[PDB]
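[1] Return atomic coordinates for the entry below.
(7 chains, ligands or ions: 7)
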Amino acid sequence: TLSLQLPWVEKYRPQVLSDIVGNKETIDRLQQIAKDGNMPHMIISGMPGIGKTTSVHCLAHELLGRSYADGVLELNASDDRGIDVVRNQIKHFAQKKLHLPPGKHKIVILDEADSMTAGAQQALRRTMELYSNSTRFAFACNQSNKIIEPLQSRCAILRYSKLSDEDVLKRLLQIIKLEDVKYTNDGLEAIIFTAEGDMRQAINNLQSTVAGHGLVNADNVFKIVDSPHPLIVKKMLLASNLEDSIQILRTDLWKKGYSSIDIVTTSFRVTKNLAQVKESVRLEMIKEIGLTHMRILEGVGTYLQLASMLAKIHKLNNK
Amino acid sequence: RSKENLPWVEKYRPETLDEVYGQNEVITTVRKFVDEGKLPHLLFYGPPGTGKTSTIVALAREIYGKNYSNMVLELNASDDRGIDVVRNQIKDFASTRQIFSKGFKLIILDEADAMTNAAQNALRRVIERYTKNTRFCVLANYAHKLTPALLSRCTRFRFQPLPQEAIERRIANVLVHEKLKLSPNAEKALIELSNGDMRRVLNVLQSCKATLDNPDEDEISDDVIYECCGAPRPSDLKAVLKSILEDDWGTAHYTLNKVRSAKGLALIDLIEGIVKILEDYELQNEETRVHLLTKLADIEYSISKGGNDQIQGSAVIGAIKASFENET
Amino acid sequence: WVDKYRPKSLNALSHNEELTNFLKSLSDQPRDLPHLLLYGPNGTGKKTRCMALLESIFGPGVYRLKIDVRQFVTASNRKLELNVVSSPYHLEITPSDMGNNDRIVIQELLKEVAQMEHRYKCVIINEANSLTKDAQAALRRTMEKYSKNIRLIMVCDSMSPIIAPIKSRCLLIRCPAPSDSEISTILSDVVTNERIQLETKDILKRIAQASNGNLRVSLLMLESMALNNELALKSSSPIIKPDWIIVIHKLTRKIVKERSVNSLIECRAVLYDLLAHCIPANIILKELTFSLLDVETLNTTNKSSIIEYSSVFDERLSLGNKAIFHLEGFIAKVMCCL
Amino acid sequence: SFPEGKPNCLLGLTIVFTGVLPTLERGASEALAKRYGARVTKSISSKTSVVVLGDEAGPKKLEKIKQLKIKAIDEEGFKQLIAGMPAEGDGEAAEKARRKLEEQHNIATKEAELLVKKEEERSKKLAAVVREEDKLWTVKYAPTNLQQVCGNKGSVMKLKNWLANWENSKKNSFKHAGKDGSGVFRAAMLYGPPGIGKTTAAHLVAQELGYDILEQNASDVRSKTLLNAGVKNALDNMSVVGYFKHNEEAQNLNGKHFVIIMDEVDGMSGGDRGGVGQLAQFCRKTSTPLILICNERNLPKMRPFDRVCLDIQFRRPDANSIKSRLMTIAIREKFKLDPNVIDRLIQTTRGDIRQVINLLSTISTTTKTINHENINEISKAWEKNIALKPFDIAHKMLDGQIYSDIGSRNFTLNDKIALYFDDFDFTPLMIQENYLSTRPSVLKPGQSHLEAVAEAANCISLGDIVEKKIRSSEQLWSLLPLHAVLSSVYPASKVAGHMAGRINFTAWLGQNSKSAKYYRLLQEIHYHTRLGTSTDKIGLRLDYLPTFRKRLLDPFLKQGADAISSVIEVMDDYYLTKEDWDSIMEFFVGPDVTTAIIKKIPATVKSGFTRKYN
DNA sequence: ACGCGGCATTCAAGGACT
DNA sequence: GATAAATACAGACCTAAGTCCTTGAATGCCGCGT
DNA sequence: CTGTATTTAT
Ligand SMILES: Nc1ncnc2c1ncn2[C@@H]1O[C@H](COP(=O)(O)OP(=O)(O)OP(O)(O)=S)[C@@H](O)[C@H]1O
Ligand SMILES: Nc1ncnc2c1ncn2[C@@H]1O[C@H](COP(=O)(O)OP(=O)(O)OP(O)(O)=S)[C@@H](O)[C@H]1O
Ligand SMILES: Nc1ncnc2c1ncn2[C@@H]1O[C@H](COP(=O)(O)OP(=O)(O)O)[C@@H](O)[C@H]1O
Ligand SMILES: Nc1ncnc2c1ncn2[C@@H]1O[C@H](COP(=O)(O)OP(=O)(O)O)[C@@H](O)[C@H]1O
Ligand SMILES: [Mg+2]
Ligand SMILES: [Mg+2]
Ligand SMILES: [Mg+2]
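    Numbers count the residues shown, from 1 in each chain, chains lettered A, B, ... in the order given. Ligands and ions are numbered 1, 2, ... in the order given. There you are, the coordinates:
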């Protein structure tokens, strides 16, 4: 078909701050700031798909009213991460004179701010303070650690958290009711489980299920969206017997098409994040997994090395 | 040329979405997506030779027609993975219209797992901003290399390794296109050595056709497949394993040496086959499996680093014998 | 001096007559000579035999050596300089002086001299073990493609670092170390020519046995004890051991006596002091292990564990840039064994 | 759990929470003690009123308690003491705490009233351009005079004295240091944690003394060309603004001159082409005061600046000084603030006044009363995640509590890996240098210290192998977490415990540089003697050098100054020079060291040798 | 025709890589 | 005024490696004015 | 940790 329909993530992107479901304290604080005015400098950080860009965009829209065209400067940090940007474009926008409602000021939105280079970030330090009376900067990034500490000092540290299953279920139910989709409770629960708090993943998976099969049922959602790799990897690592681990590997990972490097990397990540196993045993399994990773990266990527790694882990656990 | 002077791997590349087999779920899901028009951002991640590139090229043909090479920005991410690419080419293509016909824009990124992290961090906003008139497809053999942000904005489809039936159907189509015949045992051996990759199947079929003295009238037997591929026959594998298991060291060494020398089989393939056979075994105690797997893994790694073939073979014999000696 | 008396021709060689006959057999028809790789114990006389073969093939002017400087550029803009000893008929490359950039020196200089051209020029790679695997991989095709213009002769001590294709492409010439009797004869000739008074001749055999087959070390020790006894060797003349030997011996005594972490303080201190003064770590491990084995107090189990851990940490050293990171581990493991 | 108590019951009591408490972790106990006005210190002292330890107390710390005769109570004792103690701490110390709180509140009210009067005067002047509520709390409460800066009073006084006596030192040509000593340095550097008030202090000292402020952001202007032109023509030029700004009155003679306060000096480009090294040559030849400000003074790029600037270390101000300022800005803004949570706010923010003010502004929009009920959530969401310095990484990684069963839940393995990743170039070296200088406390039953050290060293060997694989032509950077584990975490977990002595810096760096220098010298010597000696680089040092000493140095030891000719002949036989001789004489170790031997040689012999060689 | 004047392009140094 | 509490803070920074990225300096060609 | 520096307290 020549034309396409808009995705549900962008078509149903919240246009007001109330539609945002998660992080109730932060959303209420941003709504109070929007009503009262005098927006402070901030960095918004968290996981992908929990509503950081949407929150800042709704805040800017509501704060600036009809003046969003001029008062808002949109600059994807990854696209424009040079000191030249700060020297010319950001500085000229900050020195720009614009008549606004009393409380409100001009807003700079720098999405994906974690990718800004050191030079541009350091140059922004004085632009943040010199033109603060007229210009207010806003930062959105996946990881706040990439942003230098002095820049974090000048702004409010507003930190987001992974979306709870209840809020994702509420948003999914709202979209389902609005667009008349047939669903089952098991299917919605499975979509929430696969999303793992990423609302964007949940909505994309709902779109895929609806378009492909037409009914939101557990069977369809599992065929169209596979079970999360770390869970099968953890089940393989935490099996009681060696033969069980070998069987889980052969069936779920090797025969299904997962690569050796992916398997070993996910095993390392799961092992480092495991909590039931004591730290010493966890560390020695990490050692064995790292040896297997070294062999795979040197070029020996085979079922034999993965089985040997499982055998070493089981020997380590069996004392 | 006339597409007749090309290797069978490229000669038999699928041209329409109906010539891609094995990935039926992905094929029907994508066909229904394009038919109804809600085509999301696609992520085809799977093992090599599963048809991801062929699937997406057939998608481009079915979406835009015969003139698909000019209305689609197909970029080899391995060749050009810089952030300059995202800033200039990808962004200008997404922003602008089509020079040929009205319609949406599709950008295919092949081997995007080689893209630098800066490039993906730049793309994670280009994809979102231009989603109204542009769609992105990501193909990558490995999903760990790709940034998590790039895995959140694209719908994920997993290309399973090609099963038996799809490989049989493609083998039959290739056999019909040429003037060739395949024995059922030879086809079974080819399927087993394929490991789910049609690339290997086509390469081995072409090599066996070359091996045939007069391909017009003779048949490719299992012997031809094993000889041209170089893989060890199952009979040799069973004989070697039996000789190691329950025979004297001198006889076991003699058997392994004569099996390797007579057919030119490599030792590493023998180890892989022996691992495959002994895995199917039912073992009384756990320790023997652990010892066997560990010692054979170190032997295979040392072979990968090279060394003395006879010493490594004797090490294989000793490891197997000790492991099954633990079963008493 | 060692340099004072060095054979300058094949016919002047006096030890391992089989090797001399093999070299003359190669020199008989020199237009058909494979690439060579001289290997054997250090100090045997492998370089002397290689240069004698060169003198046999070419004229007697191969010993007129001249040092030249050939600046090279690495992948980065850094400037690297090499001293290339050269002769009218041959040139010598010792890539151990450079670090990981020996590959560049190989591929540029050898290809250049190949383009430059008794139709072949022999290149002597004195240090072949320090050649990185990448450098040998680059040299793998240089030997075969330019076999009509350049014929490499390689000097080596242990063939294990050298990769299999390089050994395959080149003829192997074994060099047995001189026997004690031949070392004693050479020392007798030296002391006769140098006018060193000998009270008896058992001194020469003692020096020969204290060199472990090394002739360079034998002559150096001869002259060293010739300076502490006023050019007159006596029966009770002490054997001069180099400084690093004494330091390593004291290290073994400390490891044998104090098996504590507080002793590990000074053990690491001595290892750092030895490493900072141009002493390789593999030599440290070898001498330390063999001196530890010579301790009479330790029983067989300790000796076996020591040699096992020595092999393990030797592998670790061979696969590790930071040497003390493995040397300290070996010493601590030996202390735990004891 | 804990029974409620009437407000400020534990006021005036010094409580140290030494023992690990099963019911509540350290931070929870500290918070529930500070809720009632108690003072928490990290060190047990004579002034410590009560030490709370249920069990698992430090042995040496227990002996300290025993010697200082400090009363000790358990968790149930803390429960009963909460109810037992009366309100407001009565006690003489409690009365002192009462008085301190009353004076702090009184000053808060006085400054609030002063600010209201200032606002009223501004309103009257306007009646007779940015509205005040539009401004952020950081800039609207910025210090207007040097008496409002919180903390670092000594640094402010020293900087003020330096800038005041700058003219006198200029008349003395800067050769004389003066009484304070800040009269020999032309430029001054202010460095410290961000947000403590260096820029404000510099601006205020410039304003008070009457100089004309010229501010340049070094991060914005870092190249040689722009900085060179601008600041050079700024160094020796008067101010047209200063001349036209009412030069007629003679109160301020310094109105003409410039004070160039270069902010963000830490962001200048590095290298010789970079301007950070150019400014070092630049600041010594200037005719106007220079006030450089940077955040990380101990940086490799800032090395040219130690000997050319007056270092001034601004420290993190203590919460007591900022208590009055926070109370004033809380009284003015009609939001309730309890001084008990101010210390926790500063600790969470890590002494950053700007960020604590921003937190107060942002939180107060929704919640009008910041109390002990929501302090935990405020702290957990606003905590600074600052990368630990390579010394604190060594301290924390080499800690017994971190790898304990209880400590593992609090500090997880991923936290340990991130602690490595804070500095991925020095942590493996620091652990290797200080893993065998700690008293272990996680030794397995039947394992001695030496066995743990051997296992740790084996792990560091594997980590070095992994590092070589990562940092070679293959560039396998995906193995970096494996290197983190193998190099830092496992070896430290094997030998985890208490630090016996001090955390030393990695000695591998200096010895490696020394090895490189000695290898260069040996290369030069070997290439000089190449014609004579058929050897390699290593073999020369191994064998010839001992004999070369006997043929060069020993003749000077025994024959005397008459052996000079033979020594010269020996050097000329292998093309050696005096530098070569000196380098060989520095190559011996152990018994054969020549550092003292050459000194004992008569100076006449060495002088004659030098003259004869020349 | 002949000489500067910005502006595009090429070169070189520093930092980072989970 | 000296000596204790009470605490913030500094101890130090390397050489290679491959490839991408950025920033400033040095370089080139091409348009306008006289 | 040890050693040095600064501010409030005795
Ligand atoms: N499902 C399939 N049906 C038919 N032919 C196939 C199929 N998969 C692979 N082939 C054959 O194998 C060739 C290679 O296919 P590609 O799609 O290029 O491989 P791939 O799945 O993209 O894996 P790569 O290239 O390593 S990422 C095609 O040209 C076909 O000849
Ligand atoms: N000691 C202090 N007392 C009172 N207010 C302060 C203090 N330090 C900082 N502030 C406030 O913080 C604002 C900014 O102070 P700055 O001097 O710019 O911080 P900084 O120390 O220079 O750190 P930077 O700017 O990140 S390098 C001032 O305008 C004050 O409102
Ligand atoms: N809390 C939320 N409530 C409702 N929708 C959400 C929420 N978080 C994410 N979404 C949906 O996800 C889509 C994109 O999310 P986005 O805000 O871009 O993620 P990120 O915060 O990582 O940038 C939006 O269209 C929005 O509909
Ligand atoms: N056949 C020989 N007869 C006499 N001296 C010899 C002989 N071979 C070697 N040498 C002595 O060995 C010294 C050089 O040893 P060298 O060749 O450098 O050892 P390496 O084998 O380690 O290169 C010479 O000075 C020479 O006197
Ligand atoms: Mg976003
Ligand atoms: Mg492909
Ligand atoms: Mg500042």
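
[2] Mind jotting down where the helices sit in the stretch 101-250 of chain D?
    Using DSSP state H, counting those that start in this stretch, the helices of the stretch 101-250 of chain D run over residues D:137-140, D:153-171, D:198-209, D:224-235, D:240-244.

[3] hmm, who's touching the third one?
    This points to helix D:198-209. D:142-146, D:149, D:152, D:155-156, D:159-160, D:163-164, D:190-192, D:213, D:215, D:254, D:259, D:261, D:263, D:291, D:293, D:314 (C-beta atoms under 8 Å, 6 or more residues apart in numbering or on different chains). Using the backbone N, CA and C atoms, a C-beta is placed for each residue, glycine as well.

[4] again with the last one
    Under the criterion C-beta under 8 Å, 6+ apart, residues D:212, D:255, D:256, D:257, D:258 lie in contact with helix D:240-244.

[5] I'd like the next helix or strand past that helix.
    strand D:258-263 (DSSP states H and E).

[6] Quick one: list the elements packing against that following strand.
    helix D:198-209, strand D:212-217, helix D:224-235, strand D:290-294 (3 or more C-beta pairs under 8 Å, 6 or more residues apart in numbering or on different chains; DSSP states H and E).

[7] can you state the direction angle for the second one and strand D:258-263?
    Compare the direction of strand D:212-217 with that of strand D:258-263 by axes from the mean of the first three to the mean of the last three C-alpha atoms, to 10 degrees and you get 30 degrees.

[8] which other residues reach strand D:212-217?
    A:123, A:125-126, D:203, D:206-207, D:227, D:230-231, D:234, D:239, D:241-242, D:245, D:254-264.

[9] How much space separates the residue of chain A found nearest DNA strand F from residue A:127?
    DNA strand F sits closest to residue A:82 of chain A, with a gap of 2.9 Å, by C-beta to the nearest atom of the strand. Applying C-beta to C-beta, to the nearest Å, the value for residue A:82 to residue A:127 is 14 Å.

[10] Looking at these two, which is more packed in?
    residue A:127 (22 against 14; other C-beta atoms under 10 Å in any protein chain shown).

[11] pretty sure the more buried one is in a helix, no?
    Yes - under DSSP: H, G, I helix; E, B strand; the rest coil, residue A:127 falls within a helix.

[12] Enumerate every residue touching it.
    Residue A:127 neighbours (C-beta under 8 Å, 6+ apart): A:86, A:90, A:91, A:94, D:220.

[13] List just the nearest of those residues to residue D:477.
    Closest approach to residue D:477 among those (C-beta to C-beta): residue A:86, at 29.4 Å.

[14] Assumed the closest one was part of a helix.
    Yes - with three-state DSSP as the criterion, residue A:86 is assigned to a helix.

[15] Can you give me the distance of the residue nearest to it when sequence neighbours are not counted to residue A:110?
    Once flanking residues are discounted, residue A:86 sits nearest to residue A:123: 4.4 Å by C-beta to C-beta, 6 or more residues apart in numbering or on different chains. Residue A:123 is 13 Å from residue A:110, where distance means C-beta to C-beta.

[16] Please apply the same query to residue C:302.
    Taken as C-beta to C-beta, the span from residue C:302 to residue A:110 is 66 Å.

[17] more crowded one of those two?
    residue A:110 (26 against 17).

[18] Surely residue C:35 is in contact with residue C:153?
    Yes - with contact defined as C-beta atoms under 8 Å, residue C:35 reaches residue C:153; the gap is 7.2 Å.

[19] Please list all residues in contact with the residue of chain A closest to DNA strand F.
    A:117, A:119, A:120.

[20] quick check, nearest of the residues you listed to chain D?
    residue A:119 (7.1 Å; C-beta to the nearest C-beta).

[21] so what's the closest one up against?
    Contacts of residue A:119 by C-beta under 8 Å, 6+ apart are A:82, A:83, D:219, D:222, D:267.

[22] Tell me, how many residues neighbour the residue of the stretch 1-150 of chain A found nearest DNA strand G?
    In the stretch 1-150 of chain A, the residue that lies nearest DNA strand G is residue A:149 (20.2 Å; C-beta to the nearest atom of the strand). Counted by other C-beta under 10 Å, the residues lying close to residue A:149 total 19.

[23] repeat for residue D:387
    With other C-beta under 10 Å as criterion, residue D:387 counts 14.

[24] re the thing from before, now the buried members of the contacts of strand D:212-217.
    Listed as buried from the contacts of strand D:212-217 are A:123, A:125-126, D:203, D:206, D:227, D:231, D:234, D:239, D:242, D:254-264; burial here means 16 or more other C-beta atoms under 10 Å in any protein chain shown.

[25] Tell me how far stretch D:286-296 lies from the chain's centre.
    Taking C-alpha atoms, centre = their mean, to the nearest Å, the mean C-alpha location of stretch D:286-296 is offset from the chain mean by 20 Å.

[26] hang on, residue B:145 packs against residue B:111?
    No - using C-beta under 8 Å as the test, residue B:145 is too far from residue B:111 to be in contact (9.8 Å).

[27] which residues are in contact with stretch A:186-200?
    Residues contacting stretch A:186-200 (C-beta under 8 Å, 6+ apart): A:9, A:22, A:47-51, A:162-165, A:168-169, A:171-173, A:201-202, A:205-206, A:209, A:215-218, A:220-222, A:225, A:227-228, B:152-153.

[28] can I see the domain layout of chain A?
    For chain A, curated CATH domains gives the domain ranges A:1-163, A:164-227, A:228-319.

[29] By proximity to ligand 4, which residue of the stretch 51-200 of chain A wins?
    Ranked by C-beta to the nearest ligand atom, the top residue of the stretch 51-200 of chain A for proximity to ligand 4 is residue A:118, at 52.4 Å.

[30] And that residue, how far from chain B?
    14 Å (C-beta to the nearest C-beta, to the nearest Å).

[31] Might you report the residue contacts of that residue?
    A:148, D:267.

[32] Contacts only, for the residue lying closest to residue C:30 once chain neighbours are set aside.
    Leaving aside its chain neighbours, residue C:30 sits nearest to residue C:57 (4.3 Å; criterion: C-beta to C-beta, 6+ apart). Residues in contact with residue C:57 (C-beta under 8 Å, 6+ apart) are C:27, C:30, C:33, C:122.

[33] re earlier: near ligand 4, list only the ones from the contacts of residue A:119.
    Filtering the contacts of residue A:119 for proximity to ligand 4 by C-beta under 6 Å from any ligand atom leaves nothing.

[34] Return the member of those residues nearest to chain B.
    Nearest member of these to chain B, counting by C-beta to the nearest C-beta, is residue A:82, at 10.6 Å.

[35] Quick check: residue D:415 vs ligand 3, distance?
    24 Å (C-beta to the nearest ligand atom, to the nearest Å).

[36] can you pull the contacts of that residue?
    Neighbours of residue D:415 in contact, by C-beta under 8 Å, 6+ apart: none.

[37] hmm, 10 Å instead?
    By C-beta atoms under 10 Å, 6 or more residues apart in numbering or on different chains, the contact list for residue D:415 reads D:396, D:402, D:408.

[38] Helix or strand: which one has the last one?
    Under DSSP H and E, the secondary-structure element containing residue D:408 is helix D:405-410.

[39] so, in contact with DNA strand E or not, the helix or strand following that helix?
    Moving toward the C-terminus from helix D:405-410, the next helix or strand (DSSP H and E) is helix D:413-422. Yes - residues of helix D:413-422 contacting DNA strand E under C-beta under 7 Å from any atom of the strand: D:418, D:421.

[40] circling back: can you tell me which of the contacts of helix D:240-244 comes closest to residue A:268?
    residue D:258 (58.4 Å).

[41] do you know how far the nearest residue to residue B:279 once chain neighbours are set aside is from residue B:281?
    Leaving aside its sequence neighbours, residue B:279 sits nearest to residue A:246 (C-beta to C-beta, 6+ apart; 7.4 Å). As judged by C-beta to C-beta, residue A:246 and residue B:281 stand 12 Å apart.

[42] number of nearby residues for residue B:86?
    Neighbours of residue B:86 (other C-beta under 10 Å): 26.
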